[PDB]
Amino acid sequence: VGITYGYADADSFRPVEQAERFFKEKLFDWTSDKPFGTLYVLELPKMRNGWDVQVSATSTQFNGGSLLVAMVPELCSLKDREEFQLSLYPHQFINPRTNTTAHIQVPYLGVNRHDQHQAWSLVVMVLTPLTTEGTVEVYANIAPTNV
Amino acid sequence: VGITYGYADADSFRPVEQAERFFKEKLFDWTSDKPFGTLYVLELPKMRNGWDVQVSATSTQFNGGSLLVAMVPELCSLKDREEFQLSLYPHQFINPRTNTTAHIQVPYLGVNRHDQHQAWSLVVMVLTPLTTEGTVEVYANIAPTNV
Amino acid sequence: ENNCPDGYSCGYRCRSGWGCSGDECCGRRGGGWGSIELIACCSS
Amino acid sequence: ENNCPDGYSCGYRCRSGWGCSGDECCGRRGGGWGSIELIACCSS
Amino acid sequence: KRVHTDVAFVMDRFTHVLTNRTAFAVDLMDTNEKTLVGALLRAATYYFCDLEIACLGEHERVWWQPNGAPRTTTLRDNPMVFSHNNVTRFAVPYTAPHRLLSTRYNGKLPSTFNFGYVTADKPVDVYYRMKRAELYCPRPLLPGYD
Amino acid sequence: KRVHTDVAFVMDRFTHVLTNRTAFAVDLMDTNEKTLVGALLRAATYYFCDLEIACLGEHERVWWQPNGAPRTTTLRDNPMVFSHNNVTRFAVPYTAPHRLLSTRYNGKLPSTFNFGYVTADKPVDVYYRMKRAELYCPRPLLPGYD
Amino acid sequence: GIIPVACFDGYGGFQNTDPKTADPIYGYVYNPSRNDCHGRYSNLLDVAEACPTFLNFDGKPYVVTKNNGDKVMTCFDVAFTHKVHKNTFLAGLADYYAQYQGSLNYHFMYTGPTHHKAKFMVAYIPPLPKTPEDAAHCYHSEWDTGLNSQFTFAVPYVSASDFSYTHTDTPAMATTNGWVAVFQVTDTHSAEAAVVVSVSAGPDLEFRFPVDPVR
Amino acid sequence: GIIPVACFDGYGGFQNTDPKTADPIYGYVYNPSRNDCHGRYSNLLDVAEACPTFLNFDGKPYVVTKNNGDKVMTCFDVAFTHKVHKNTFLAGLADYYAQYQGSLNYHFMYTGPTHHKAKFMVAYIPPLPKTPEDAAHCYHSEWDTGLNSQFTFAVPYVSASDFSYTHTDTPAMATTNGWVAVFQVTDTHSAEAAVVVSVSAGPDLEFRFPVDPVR
């Protein structure tokens, strides 16, 4: 639980940016009928800017499951066995019993210093099917930083 | 006469291990009917451990002979003329008039640092036929060290 | 003793948007490659 | 004079299992290749 | 200390990329996706290197044009290397206009992601070598064979 | 001071090991048991060296795979050396997982006791050279000829 | 005034891994800089240590608790060629290297309801009995899902040889690499849960001898 | 800007004993260590000096005392090609070397009953009479089997040339290498005994010019 800064600079954290705009959107209905690997990919944007996404879910003490929320840079496609290595990307876990809310911030990334071109894609995967003992909804809050 | 430390380290003797278990077994009846070259090979064991064997014989002042007791590492086979160079290995001589008892200690030896594989084999050769003026028996005491 | 949750260590400079006077945050490497996670400030 | 039997010389550190206070034993290079033989302690 | 997993060590190898070609772009994605160099290159989003091109085969000379130069059938006074013992090895600088090259692109890769163009007198077999290779943003890597 | 009977001096020689083979393991027990290098090696229980391989014959190039690599009919981008004047000399580093190799084994020697695998374009004559040999636990040595 | 040399036979052929450099064409190029770029990694295994990747339990990364009395949720080898590790980044990285040595870290995450607390023990069985009492004399560790729903289980390297072979063929061999297994000590199971398992390279793991598999 | 050279004719051929090294393939390998290993020998003759090996007296290493009056037990040459030395480590090591020079140490061990004490003299007869009186003017020594049943008889190098030939053909030549013989001074023989004889290289022995025997 906390705030994840993907591809962070080691020197910059030795002992600035901020979110300018805001947005909200529902992604999918988290239900037990979706097994592992139920990907939901959202390209960003839906100016040399870094993104800041706060994916949240509505879960109670009787809800169980796990979502993997990551930001893949230039996700053209995902192969059959590639999902298992998604943790290679700036990612977080949403668990109803641990944090039930994700927050990832990534810098500008590209071949050039100015972008047009979906550089980043927010990917949400259902790592484990939803378990209960009454529906769970996922809402994504996306805000550009340092435009 | 004494205790032989085969393949000893020169630095270690410049100015630890000990026997954990114990065992005894009769090997053969030392008799005059066996000429030179009557080999008796005993594989060890019959864990990264060094061995400590005390081969002894029952000889009196009227008994004469000689046994070559050695520990050949990885003795697959012994050729026809290979017996004469058996002294190239950690060995001791059993003479009824000199010591009538052998004691050899060897360290762990192998390609790897952990063993399964008969790394060491106790070989007893009748260097000279037994002479008298009433039977001689050979008993081997084997004890692993630093298991 | 350091006042950080389990698995969190100090010595990480707080990034903009945390309001920590000492500029020491309970940093934690994880979440990908090169990712650094901050959860709160560090108090000594 | 050194108190060792014939062919035995001091200057060999006693290995474990002899209980020599001076840590000097009547060593004797023999018995194979690299073999070192100890028979007793060394007294001066 | 681990040495054989260093990127600058692994990528510093001549990999066979294409066989029996006379004129070709020097797109580093021409490498086989199952070889060591190609697989570890495709496991990164971005990269940068100075290349070495080796042409093996019966050929007299090889012309190389930097990235952005116009494509023409006949090359005159362009960088030209004569073959010695039917081998032509030469180091190509990073001529792309971009700061870094990318294996993937969420737009097929545009034509600007190459190290130039190469023409040969006769068809040759080509080997690529990444000198001082730098990789960025690691991507999933999967076992090529089972 | 004795020099010509030093282990690091005697074993530092090219010994003919096998003739007219295109693909062969680099086991050091292929040496002739009567040669100087092949007989003193068998007079040791264990050893360690950085082998040098020389191939003589009409071959374009030769390959070499490190110990443990899978055996395949075709080799792509594996360590490859082209022949110069019909000679291919290349230094093979010690590759076996074990700390020391052994001439004997009380358990035939298992396949892990080799310096790799070598495949040639055409059959060649092979010579082994033990660089920085280190023998252990000397074994009986007998006159090869009377 | 001429240096006498001698062109030796054997050297001079085109080696694909030679240390020698070539002659540049445009020798006076100066690319600006790449210092302030993000995500650079100069070592492959450094990526594998900080990026745990999930396991393949019959197409899924999690393990379902069983109501029947067996006390063994999973029993998988520690071999990179095993089908369990098939999808991991380490196995993908191990396919291109002949040999390896070092330790592995296995990460376990519990994704069940917060009300249900379960206690799990992870046992390593060096090269085999499948009981906690026999695993007591072996390497083992126990973690309760009431303090941290995240457990790391370092697997020591106990292979006989100094280095092991990345490529091998052992389906369920008793001496494969140590048979990591997960035991649930609580027989009072309430309902179905899940345990996500992922593996990351240890701080001392080291691959060697890069190999191109042409199998 | 080009260094002028000249490829000489005669050099550059493949020599099987050339000092030059080759170009490594994997030049960044580092094998851990072999310092704490046992039994390493860096010199072959050092092994031969510390490891005496028995002689071949018609298939046996010992000598049977004769009741008849001859005062001679054995009379063997000091040649490595002689059938007596055939089974020794020195002869096996001498087969691969063209020349040698130095001294030999002959070890004699008495393996009879403790009650029976006998006195033996060992004589070296340089290149020949077989009597102790004639051996008095020659090199000889005497040891009694009542103090130490282990005798060392150093054989000096008295060959005409600085180095001798390891390979030769002299069955019982009067000038082979010195005709080491063993004499028993006590004619009061009691019963049958044995004398184990072995040879080890002297501290000054030195082989040279390694060769491959293809005889």
# chains A, B, ... in the order shown; residues from 1 in each chain; ligands from 1

$ select_by_dssp --residues "chain E" --states "helix (DSSP H, G or I)" --output "VMD selection string"
chain E and resid 7 to 10 28 to 30 36 to 42

$ interface_residues --of "chain C" --to "chain G" --cutoff "10 Å" --atoms "only C-alpha atoms" --output "PyMOL selection string"
chain C and resi 6+29-35

$ write_last_selection --atoms "N, CA and C atoms" --output "PDB file, in the first residue's frame"
ATOM      1  N   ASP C   6       6.359  -2.576   8.397  1.00  0.00           N
ATOM      2  CA  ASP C   6       7.214  -3.715   8.098  1.00  0.00           C
ATOM      3  C   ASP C   6       7.658  -3.684   6.640  1.00  0.00           C
ATOM      4  N   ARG C  29      11.733  -0.440  -2.227  1.00  0.00           N
ATOM      5  CA  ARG C  29      11.894  -0.876  -3.607  1.00  0.00           C
ATOM      6  C   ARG C  29      10.913  -2.000  -3.912  1.00  0.00           C
ATOM      7  N   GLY C  30      10.188  -1.866  -5.011  1.00  0.00           N
ATOM      8  CA  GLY C  30       9.245  -2.891  -5.408  1.00  0.00           C
ATOM      9  C   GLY C  30       8.180  -2.331  -6.318  1.00  0.00           C
ATOM     10  N   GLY C  31       7.433  -3.249  -6.923  1.00  0.00           N
ATOM     11  CA  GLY C  31       6.387  -2.895  -7.855  1.00  0.00           C
ATOM     12  C   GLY C  31       6.785  -2.901  -9.312  1.00  0.00           C
ATOM     13  N   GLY C  32       7.938  -3.441  -9.648  1.00  0.00           N
ATOM     14  CA  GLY C  32       8.419  -3.456 -11.014  1.00  0.00           C
ATOM     15  C   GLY C  32       9.933  -3.337 -11.025  1.00  0.00           C
ATOM     16  N   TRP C  33      10.459  -2.829 -12.133  1.00  0.00           N
ATOM     17  CA  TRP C  33      11.885  -2.564 -12.257  1.00  0.00           C
ATOM     18  C   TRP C  33      12.146  -1.080 -12.053  1.00  0.00           C
ATOM     19  N   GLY C  34      13.031  -0.763 -11.112  1.00  0.00           N
ATOM     20  CA  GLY C  34      13.351   0.611 -10.799  1.00  0.00           C
ATOM     21  C   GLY C  34      12.284   1.359 -10.036  1.00  0.00           C
ATOM     22  N   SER C  35      11.175   0.711  -9.696  1.00  0.00           N
ATOM     23  CA  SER C  35      10.099   1.391  -8.993  1.00  0.00           C
ATOM     24  C   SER C  35      10.474   1.621  -7.535  1.00  0.00           C
TER      25      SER C  35
END

$ residues_around --residues "residue 72 of chain A" --least-positions-apart "6" --cutoff "9 Å" --atoms "only C-alpha atoms" --output "ChimeraX atom specification"
/A:86,89-91,119-123

$ closest_atom_pairs --of "chain B" --to "chain H" --cutoff "7 Å" --atoms "only C-alpha atoms" --output "JSON lines"
{"residue": "B:7", "atom": "CA", "partner": "H:39", "partner_atom": "CA", "distance": 5.1}
{"residue": "B:8", "atom": "CA", "partner": "H:38", "partner_atom": "CA", "distance": 6.9}
{"residue": "B:9", "atom": "CA", "partner": "H:38", "partner_atom": "CA", "distance": 6.9}
{"residue": "B:36", "atom": "CA", "partner": "H:60", "partner_atom": "CA", "distance": 6.4}
{"residue": "B:61", "atom": "CA", "partner": "H:114", "partner_atom": "CA", "distance": 5.9}
{"residue": "B:62", "atom": "CA", "partner": "H:113", "partner_atom": "CA", "distance": 5.9}
{"residue": "B:63", "atom": "CA", "partner": "H:113", "partner_atom": "CA", "distance": 5.8}
{"residue": "B:64", "atom": "CA", "partner": "H:113", "partner_atom": "CA", "distance": 4.6}
{"residue": "B:65", "atom": "CA", "partner": "H:111", "partner_atom": "CA", "distance": 5.4}
{"residue": "B:66", "atom": "CA", "partner": "H:111", "partner_atom": "CA", "distance": 6.0}
{"residue": "B:81", "atom": "CA", "partner": "H:87", "partner_atom": "CA", "distance": 6.2}
{"residue": "B:84", "atom": "CA", "partner": "H:54", "partner_atom": "CA", "distance": 5.3}
{"residue": "B:85", "atom": "CA", "partner": "H:53", "partner_atom": "CA", "distance": 5.2}
{"residue": "B:87", "atom": "CA", "partner": "H:53", "partner_atom": "CA", "distance": 6.1}
{"residue": "B:88", "atom": "CA", "partner": "H:51", "partner_atom": "CA", "distance": 5.5}
{"residue": "B:95", "atom": "CA", "partner": "H:111", "partner_atom": "CA", "distance": 6.5}
{"residue": "B:97", "atom": "CA", "partner": "H:114", "partner_atom": "CA", "distance": 4.8}
{"residue": "B:128", "atom": "CA", "partner": "H:62", "partner_atom": "CA", "distance": 6.9}

$ write_last_selection --atoms "C-alpha atoms" --output "PDB file, in the first residue's frame"
ATOM      1  CA  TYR B   7      47.050 -36.180   1.515  1.00  0.00           C
ATOM      2  CA  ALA B   8      47.697 -33.944   4.510  1.00  0.00           C
ATOM      3  CA  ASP B   9      47.905 -30.166   4.225  1.00  0.00           C
ATOM      4  CA  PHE B  36      52.598 -61.944  -3.005  1.00  0.00           C
ATOM      5  CA  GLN B  61      57.183 -63.564  18.114  1.00  0.00           C
ATOM      6  CA  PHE B  62      57.148 -66.729  15.965  1.00  0.00           C
ATOM      7  CA  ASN B  63      55.152 -65.066  13.162  1.00  0.00           C
ATOM      8  CA  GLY B  64      56.801 -63.444  10.163  1.00  0.00           C
ATOM      9  CA  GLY B  65      55.417 -61.581   7.180  1.00  0.00           C
ATOM     10  CA  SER B  66      54.340 -58.209   5.858  1.00  0.00           C
ATOM     11  CA  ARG B  81      51.915 -54.741 -12.726  1.00  0.00           C
ATOM     12  CA  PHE B  84      54.158 -52.827  -7.277  1.00  0.00           C
ATOM     13  CA  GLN B  85      53.354 -49.092  -7.265  1.00  0.00           C
ATOM     14  CA  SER B  87      52.938 -47.322  -2.317  1.00  0.00           C
ATOM     15  CA  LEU B  88      51.938 -44.183  -4.235  1.00  0.00           C
ATOM     16  CA  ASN B  95      55.147 -56.349  10.233  1.00  0.00           C
ATOM     17  CA  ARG B  97      58.284 -57.724  14.334  1.00  0.00           C
ATOM     18  CA  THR B 128      55.454 -61.275   1.729  1.00  0.00           C
TER      19      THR B 128
END

$ interface_residues --of "chain E" --to "chain C" --cutoff "10 Å" --atoms "only C-alpha atoms" --output "mmCIF file with N, CA and C atoms, in the first residue's frame"
data_model
loop_
_atom_site.group_PDB
_atom_site.id
_atom_site.type_symbol
_atom_site.label_atom_id
_atom_site.label_comp_id
_atom_site.auth_asym_id
_atom_site.auth_seq_id
_atom_site.Cartn_x
_atom_site.Cartn_y
_atom_site.Cartn_z
ATOM 1 N N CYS E 137 13.861 -0.370 -19.857
ATOM 2 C CA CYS E 137 12.493 -0.838 -19.656
ATOM 3 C C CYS E 137 12.350 -2.316 -20.002
ATOM 4 N N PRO E 138 12.801 -3.220 -19.131
ATOM 5 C CA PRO E 138 12.743 -4.650 -19.452
ATOM 6 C C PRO E 138 11.318 -5.126 -19.681
ATOM 7 N N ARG E 139 11.184 -6.073 -20.598
ATOM 8 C CA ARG E 139 9.918 -6.642 -21.023
ATOM 9 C C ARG E 139 9.907 -8.138 -20.751
#

$ atom_distance --atom1 "atom CA of residue 43 of chain E" --atom2 "atom CA of residue 18 of chain G"
24.5 Å

$ atom_distance --atom1 "atom CA of residue 169 of chain H" --atom2 "atom CA of residue 146 of chain F"
10.1 Å

$ residues_around --residues "residue 21 of chain C" --least-positions-apart "2" --cutoff "10 Å" --atoms "only C-alpha atoms" --output "ChimeraX atom specification"
/C:14,18-19,23-24,41-43

$ write_last_selection --atoms "N, CA and C atoms" --output "short mmCIF file (atom, residue, chain, number, x, y, z; two decimals), in the first residue's frame"
data_model
loop_
_atom_site.label_atom_id
_atom_site.label_comp_id
_atom_site.auth_asym_id
_atom_site.auth_seq_id
_atom_site.Cartn_x
_atom_site.Cartn_y
_atom_site.Cartn_z
N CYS C 14 11.78 12.25 0.08
CA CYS C 14 10.37 12.36 -0.25
C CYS C 14 10.19 13.14 -1.55
N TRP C 18 4.07 15.24 -0.56
CA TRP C 18 3.99 14.47 0.68
C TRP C 18 4.01 15.31 1.95
N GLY C 19 4.59 16.51 1.92
CA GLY C 19 4.58 17.36 3.10
C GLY C 19 5.35 16.81 4.29
N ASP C 23 12.13 15.48 4.88
CA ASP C 23 12.42 14.96 3.54
C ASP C 23 12.93 13.53 3.59
N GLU C 24 12.51 12.77 4.60
CA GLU C 24 12.83 11.35 4.71
C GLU C 24 11.53 10.58 4.74
N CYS C 41 6.12 9.55 5.95
CA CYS C 41 7.36 10.22 6.31
C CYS C 41 8.16 9.37 7.30
N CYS C 42 9.38 9.82 7.58
CA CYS C 42 10.27 9.18 8.54
C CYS C 42 10.49 10.10 9.73
N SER C 43 10.27 9.58 10.94
CA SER C 43 10.44 10.33 12.17
C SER C 43 11.51 9.66 13.02
#

$ select_by_dssp --residues "segment 49-111 of chain E" --states "strand (DSSP E or B)" --output "MDAnalysis selection string"
chainID E and resid 49:56 61:65 80:82 84 87:92 101:102

$ write_last_selection --atoms "C-alpha atoms" --output "PDB file, in the first residue's frame"
ATOM      1  CA  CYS E  49      24.136   0.771 -29.539  1.00  0.00           C
ATOM      2  CA  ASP E  50      26.875   1.256 -32.113  1.00  0.00           C
ATOM      3  CA  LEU E  51      26.694  -1.585 -34.584  1.00  0.00           C
ATOM      4  CA  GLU E  52      29.265  -3.757 -36.315  1.00  0.00           C
ATOM      5  CA  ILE E  53      28.283  -5.265 -39.665  1.00  0.00           C
ATOM      6  CA  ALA E  54      30.138  -8.307 -40.989  1.00  0.00           C
ATOM      7  CA  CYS E  55      29.409  -9.582 -44.496  1.00  0.00           C
ATOM      8  CA  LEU E  56      30.659 -13.048 -45.462  1.00  0.00           C
ATOM      9  CA  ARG E  61      32.805  -4.246 -51.847  1.00  0.00           C
ATOM     10  CA  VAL E  62      30.020  -3.017 -49.576  1.00  0.00           C
ATOM     11  CA  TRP E  63      28.455   0.455 -49.521  1.00  0.00           C
ATOM     12  CA  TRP E  64      26.810   1.894 -46.412  1.00  0.00           C
ATOM     13  CA  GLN E  65      24.488   4.905 -46.245  1.00  0.00           C
ATOM     14  CA  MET E  80      32.605   1.893 -49.218  1.00  0.00           C
ATOM     15  CA  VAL E  81      34.648  -0.999 -47.823  1.00  0.00           C
ATOM     16  CA  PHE E  82      36.439  -3.572 -49.969  1.00  0.00           C
ATOM     17  CA  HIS E  84      39.442  -8.937 -47.573  1.00  0.00           C
ATOM     18  CA  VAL E  87      34.976 -10.885 -45.272  1.00  0.00           C
ATOM     19  CA  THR E  88      33.908  -7.249 -44.858  1.00  0.00           C
ATOM     20  CA  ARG E  89      33.697  -6.028 -41.257  1.00  0.00           C
ATOM     21  CA  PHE E  90      32.966  -2.406 -40.411  1.00  0.00           C
ATOM     22  CA  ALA E  91      31.660  -0.402 -37.468  1.00  0.00           C
ATOM     23  CA  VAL E  92      28.512   1.662 -38.029  1.00  0.00           C
ATOM     24  CA  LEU E 101      15.523   3.170 -30.602  1.00  0.00           C
ATOM     25  CA  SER E 102      12.482   1.104 -29.672  1.00  0.00           C
TER      26      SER E 102
END

$ calpha_fit_and_write --fixed "chain D" --moving "chain C" --output "CSV table (one decimal) with N, CA and C atoms, in the first residue's frame"
chain,number,residue,atom,x,y,z
C,1,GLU,N,68.8,-32.4,23.4
C,1,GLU,CA,68.5,-33.2,22.3
C,1,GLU,C,67.0,-33.4,22.1
C,2,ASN,N,66.5,-33.5,20.8
C,2,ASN,CA,65.1,-33.8,20.6
C,2,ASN,C,64.7,-35.2,21.0
C,3,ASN,N,63.6,-35.3,21.6
C,3,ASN,CA,63.1,-36.6,22.2
C,3,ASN,C,62.1,-37.1,21.2
C,4,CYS,N,62.6,-37.7,20.1
C,4,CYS,CA,61.8,-38.4,19.1
C,4,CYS,C,62.5,-39.6,18.7
C,5,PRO,N,61.8,-40.7,18.2
C,5,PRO,CA,62.5,-41.9,17.7
C,5,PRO,C,63.3,-41.6,16.5
C,6,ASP,N,64.0,-42.7,16.0
C,6,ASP,CA,64.8,-42.5,14.8
C,6,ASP,C,64.0,-42.2,13.6
C,7,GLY,N,64.5,-41.2,12.9
C,7,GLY,CA,63.8,-40.8,11.7
C,7,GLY,C,62.7,-39.8,11.9
C,8,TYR,N,62.4,-39.4,13.1
C,8,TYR,CA,61.3,-38.5,13.5
C,8,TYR,C,61.9,-37.2,13.9
C,9,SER,N,61.3,-36.1,13.4
C,9,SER,CA,61.8,-34.8,13.7
C,9,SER,C,60.6,-33.9,14.2
C,10,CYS,N,60.9,-32.9,15.0
C,10,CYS,CA,59.8,-32.0,15.5
C,10,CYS,C,59.5,-31.0,14.5
C,11,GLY,N,58.8,-29.9,14.9
C,11,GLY,CA,58.3,-28.9,14.0
C,11,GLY,C,57.0,-29.2,13.3
C,12,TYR,N,56.3,-30.3,13.6
C,12,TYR,CA,55.1,-30.7,13.0
C,12,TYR,C,54.0,-30.4,14.1
C,13,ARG,N,53.0,-29.5,13.7
C,13,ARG,CA,51.9,-29.2,14.6
C,13,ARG,C,51.1,-30.5,14.8
C,14,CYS,N,50.7,-30.7,16.1
C,14,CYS,CA,49.9,-31.9,16.4
C,14,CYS,C,48.5,-31.7,15.9
C,15,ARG,N,48.0,-32.7,15.3
C,15,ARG,CA,46.6,-32.7,14.8
C,15,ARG,C,45.7,-33.0,16.0
C,16,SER,N,44.4,-32.8,15.8
C,16,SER,CA,43.4,-33.1,16.9
C,16,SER,C,43.4,-34.6,17.3
C,17,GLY,N,43.4,-34.8,18.6
C,17,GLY,CA,43.4,-36.2,19.1
C,17,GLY,C,44.7,-36.7,19.5
C,18,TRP,N,45.6,-35.8,20.1
C,18,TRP,CA,46.9,-36.3,20.6
C,18,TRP,C,47.2,-35.8,22.0
C,19,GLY,N,46.6,-34.6,22.5
C,19,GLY,CA,46.8,-34.2,23.8
C,19,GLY,C,48.2,-33.8,24.1
C,20,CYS,N,48.9,-33.0,23.2
C,20,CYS,CA,50.2,-32.5,23.4
C,20,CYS,C,50.1,-31.0,23.8
C,21,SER,N,50.7,-30.7,24.9
C,21,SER,CA,50.6,-29.3,25.4
C,21,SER,C,51.3,-28.3,24.5
C,22,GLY,N,52.5,-28.7,24.0
C,22,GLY,CA,53.3,-27.8,23.2
C,22,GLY,C,52.9,-27.7,21.8
C,23,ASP,N,51.9,-28.6,21.3
C,23,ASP,CA,51.5,-28.7,19.9
C,23,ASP,C,52.6,-29.0,19.0
C,24,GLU,N,53.7,-29.7,19.5
C,24,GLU,CA,54.8,-30.1,18.6
C,24,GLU,C,54.8,-31.6,18.7
C,25,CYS,N,54.8,-32.3,17.6
C,25,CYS,CA,54.7,-33.7,17.5
C,25,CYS,C,55.9,-34.2,16.6
C,26,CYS,N,56.3,-35.5,16.9
C,26,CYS,CA,57.4,-36.1,16.1
C,26,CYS,C,56.8,-36.5,14.7
C,27,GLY,N,56.7,-35.5,13.9
C,27,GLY,CA,56.3,-35.7,12.5
C,27,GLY,C,57.3,-36.4,11.7
C,28,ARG,N,56.8,-37.0,10.6
C,28,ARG,CA,57.6,-37.8,9.7
C,28,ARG,C,56.9,-38.0,8.4
C,29,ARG,N,57.5,-37.4,7.3
C,29,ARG,CA,56.9,-37.5,6.0
C,29,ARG,C,57.1,-38.9,5.5
C,30,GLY,N,56.0,-39.5,5.0
C,30,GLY,CA,56.1,-40.9,4.5
C,30,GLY,C,54.7,-41.6,4.5
C,31,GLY,N,54.6,-42.7,3.8
C,31,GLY,CA,53.4,-43.4,3.7
C,31,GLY,C,52.6,-43.2,2.5
C,32,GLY,N,53.1,-42.5,1.5
C,32,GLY,CA,52.4,-42.1,0.3
C,32,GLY,C,52.9,-40.7,-0.2
C,33,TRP,N,52.0,-40.1,-0.9
C,33,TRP,CA,52.2,-38.7,-1.4
C,33,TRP,C,51.5,-37.7,-0.5
C,34,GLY,N,52.2,-36.8,0.0
C,34,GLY,CA,51.7,-35.8,0.9
C,34,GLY,C,51.3,-36.3,2.3
C,35,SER,N,51.6,-37.6,2.6
C,35,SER,CA,51.2,-38.1,3.9
C,35,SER,C,52.1,-37.6,5.0
C,36,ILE,N,51.6,-37.3,6.1
C,36,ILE,CA,52.4,-36.9,7.3
C,36,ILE,C,52.0,-37.8,8.5
C,37,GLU,N,53.0,-38.4,9.1
C,37,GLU,CA,52.8,-39.4,10.2
C,37,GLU,C,53.3,-38.8,11.5
C,38,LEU,N,52.4,-38.9,12.5
C,38,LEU,CA,52.7,-38.4,13.9
C,38,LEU,C,52.7,-39.6,14.8
C,39,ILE,N,53.6,-39.7,15.7
C,39,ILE,CA,53.8,-40.9,16.6
C,39,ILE,C,53.6,-40.5,18.1
C,40,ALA,N,54.0,-39.3,18.4
C,40,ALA,CA,54.0,-38.8,19.8
C,40,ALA,C,54.3,-37.3,19.8
C,41,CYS,N,54.4,-36.7,21.0
C,41,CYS,CA,54.6,-35.3,21.2
C,41,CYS,C,56.1,-35.0,21.2
C,42,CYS,N,56.4,-33.8,21.2
C,42,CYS,CA,57.8,-33.3,21.2
C,42,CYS,C,58.1,-32.6,22.6
C,43,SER,N,59.2,-33.0,23.2
C,43,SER,CA,59.5,-32.4,24.5
C,43,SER,C,60.9,-31.8,24.4
C,44,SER,N,61.1,-30.6,24.9
C,44,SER,CA,62.4,-29.9,24.8
C,44,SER,C,62.9,-29.6,26.2

$ residues_around --residues "residue 178 of chain G" --least-positions-apart "4" --cutoff "6 Å" --atoms "only C-alpha atoms" --output "compact mmCIF listing (two decimals) with N, CA, C and O atoms, in the first residue's frame"
# COMPACT_ATOMS: atom_id res chain seq x y z
N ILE G 125 12.65 -29.79 0.88
CA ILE G 125 13.03 -31.17 1.14
C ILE G 125 14.23 -31.54 0.26
O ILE G 125 14.05 -32.00 -0.87
N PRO G 126 15.45 -31.39 0.76
CA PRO G 126 16.62 -31.64 -0.08
C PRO G 126 16.66 -33.08 -0.54
O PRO G 126 16.18 -33.99 0.16
N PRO G 127 17.21 -33.34 -1.73
CA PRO G 127 17.32 -34.68 -2.32
C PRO G 127 18.00 -35.69 -1.40
O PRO G 127 17.59 -36.85 -1.38

$ residues_around --residues "residue 152 of chain H" --least-positions-apart "2" --cutoff "9 Å" --atoms "only C-alpha atoms" --output "PyMOL selection string"
chain H and resi 105-108+150+154

$ closest_atom_pairs --of "chain F" --to "chain B" --cutoff "10 Å" --atoms "only C-alpha atoms" --output "CSV"
residue,atom,partner,partner_atom,distance
F:45,CA,B:73,CA,7.7
F:46,CA,B:111,CA,7.6
F:47,CA,B:111,CA,9.6
F:97,CA,B:112,CA,9.2
F:98,CA,B:112,CA,5.9
F:99,CA,B:111,CA,6.1
F:100,CA,B:111,CA,5.1
F:101,CA,B:111,CA,6.3
F:102,CA,B:111,CA,6.8
F:103,CA,B:74,CA,9.7
F:104,CA,B:74,CA,6.5
F:105,CA,B:74,CA,5.7
F:106,CA,B:74,CA,5.0
F:107,CA,B:117,CA,5.1
F:108,CA,B:76,CA,9.3
F:136,CA,B:7,CA,9.8
F:137,CA,B:7,CA,7.9
F:138,CA,B:88,CA,6.9
F:139,CA,B:88,CA,6.5
F:140,CA,B:85,CA,5.4
F:141,CA,B:85,CA,7.7
F:142,CA,B:82,CA,7.5

$ interface_residues --of "chain E" --to "chain F" --cutoff "8 Å" --atoms "only C-alpha atoms" --output "ChimeraX atom specification"
/E:14-16,35

$ closest_residue --among "F:33, F:111, F:95, F:144" --to "residue 163 of chain G" --atoms "only C-alpha atoms"
F:95

$ atom_distance --atom1 "atom CA of residue 109 of chain F" --atom2 "atom CA of residue 27 of chain F"
9.8 Å

$ interface_residues --of "chain H" --to "chain G" --cutoff "8 Å" --atoms "only C-alpha atoms" --output "list in words"
residues 4, 5, 6, 7, 8, 9, 11, 12, 13, 14, 22, 23, 25 and 26 of chain H

$ residues_around --residues "residue 207 of chain H" --least-positions-apart "3" --cutoff "10 Å" --atoms "only C-alpha atoms" --output "PyMOL selection string"
(chain F and resi 2-5) or (chain H and resi 44-45+93-94+96-102+163-166+210)
